[PDB]
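This report concerns only the one structure given below.
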Amino acid sequence: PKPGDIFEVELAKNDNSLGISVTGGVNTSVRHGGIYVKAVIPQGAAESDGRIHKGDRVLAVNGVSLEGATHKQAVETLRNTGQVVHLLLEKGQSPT
Numbered sequence: 001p002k003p004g005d006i007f008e009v010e011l012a013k014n015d016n017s018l019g020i021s022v023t024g025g026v027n028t029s030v031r032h033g034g035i036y037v038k039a040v041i042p043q044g045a046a047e048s049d050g051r052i053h054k055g056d057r058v059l060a061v062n063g064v065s066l067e068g069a070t071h072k073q074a075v076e077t078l079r080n081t082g083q084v085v086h087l088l089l090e091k092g093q094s095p096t
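Everything in the sequence shown is counted per the entry's author numbering, starting at 1 for the first residue and increasing by one.
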């Protein structure tokens, strides 16, 4: 994919464990910045389904908007997902 394209991620729930975590980035000291990844959990989806690394930014989650205030609360939203989880991430601009 190109640097900017907003590719969507649609996979299936494995062992009721998405294998992905989030952190507080759009609620540190900005009106509306963005969220980041805490750590990749290659033990379910991030491993098999792949297409989930560290650094990318999560725009939304199963319809739930993260931009605004979703550091720990989002962790529950991702867990409370059916069999088909729809994630919308964006190719970060600094893979470090």
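Quick reminder that beta carbons are idealized off the backbone N, C-alpha and C, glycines included.
Coil, strand or helix - residue i by DSSP
i	result
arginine 79	helix
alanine 69	coil
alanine 46	coil
Residue i versus residue j: straight-line alpha-carbon distance, rounded
i	j	result
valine 22	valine 58	8 Å
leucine 11	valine 84	6 Å
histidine 53	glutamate 8	14 Å
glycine 4	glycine 82	29 Å
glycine 25	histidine 86	21 Å
Rounded Cβ spacing between residue i and residue j (contact assumed at less than 8 Å)
i	j	result
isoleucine 6	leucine 88	7 Å
Same chain, Cβ closer than 7 Å to residue i, five either side skipped, listed in chain order
i	result
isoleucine 41	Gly19, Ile20, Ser21
Residues bridged to residue i (per DSSP)
i	result
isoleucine 20	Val40
Sequence-distant residues of its chain with Cβ nearer than 8 Å to residue i (five each side left out)
i	result
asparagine 27	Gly68, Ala69, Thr70, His71
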